[PDB]
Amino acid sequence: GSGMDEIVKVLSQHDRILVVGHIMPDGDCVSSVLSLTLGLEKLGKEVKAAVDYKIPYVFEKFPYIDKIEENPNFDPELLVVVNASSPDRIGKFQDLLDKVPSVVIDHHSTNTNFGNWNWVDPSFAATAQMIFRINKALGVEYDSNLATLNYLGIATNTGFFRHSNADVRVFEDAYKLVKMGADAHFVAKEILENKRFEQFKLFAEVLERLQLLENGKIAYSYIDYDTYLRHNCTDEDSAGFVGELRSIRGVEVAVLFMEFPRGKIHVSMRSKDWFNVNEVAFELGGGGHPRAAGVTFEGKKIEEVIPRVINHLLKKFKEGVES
């Protein structure tokens, strides 16, 4: 397993670079892609950024968001894949893995190490923190826009400094980026204050279906595909719903089952204090973090997935309570 130094050397050695993020991009993906792309351009390299997916609405006002292309026309010397744990997550760009030397930079412990060089460090809360250190190691000078873009992923992946991954290194990075001009309020406003009215109606559906188990310590609900369509919503609109269920008093584990598209059931799990949802996720074929993890089923009825997941969660939860 390569460290940062070997990645920095490899980046220094190539001058035509395609930086690729994952489908369904989140703040850390957008942050890592644009921060590395702009950093490498400041070294004079020829760099393009690509994500095989529509950029979500909340990113449309960020500086340089138009640098991320869905259909780049580029012949790179080097592929750099950021924040994507497996080749399927980069969509049509996985075809380049067979033709172009590749670097992987990722904080996900689930990363399959599919690059020729791989720097994977789960002690970071965000891949953006790794890009920050790469850019500094390369000699990149930050301006306010680059600082804002690199702050983005650290904020989003820690829930804006609320989750258990917000450790001293996260706060140090945020401080350094704000000192360099990162507009923390701009980032919060664009990410968190662009709610659709339909999102309130969709969450009302979640609350109607909400079920508590184990003396209120487990909360789960679901959104079926017809309900997304009924409210002109996609799974972009239910971002943050599972954390709202975790925020209920006395809840330790929250699970949200989301069918989107039809027959594709994503299970999002969150815990509050002590329960390791990643162990449940892993055993079901997914993965993630001790306090935030997920599983994705293809080709299943939601009526089959829900009781199987709840069954496994109850067994594990009862074991944990017994210590």
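The first residue of the sequence shown is number 1, and the count goes up from there.
Averaged over Cα atoms, the B-factor as recorded in the entry is higher for 71 to 79 than for the other of 107 to 115 and 71 to 79. Comparing 228 to 236 with 242 to 250, the stretch with the higher mean C-alpha B-factor in the PDB entry is 228 to 236.
Going by the entry's values, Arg89 shows the largest Cα B-factor out of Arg133, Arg89, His163, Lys176.
Which of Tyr151, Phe171, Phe93, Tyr222 has the largest Cα B-factor in the deposited entry comes down to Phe93.
Among all modelled residues in its chain, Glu141 ranks in the middle third by Cα B-factor. For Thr127, the recorded CA B-factor ranks within the lowest third of the chain. Only modelled residues enter the ranking. The deposited CA B-factor of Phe257 belongs to the lowest third of values across its chain.
Remark: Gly216 belongs to the middle third of its chain, ranked by C-alpha B-factor as recorded. In the deposited entry, the Cα temperature factor of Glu279 sits in the top third of values across the chain's modelled residues.
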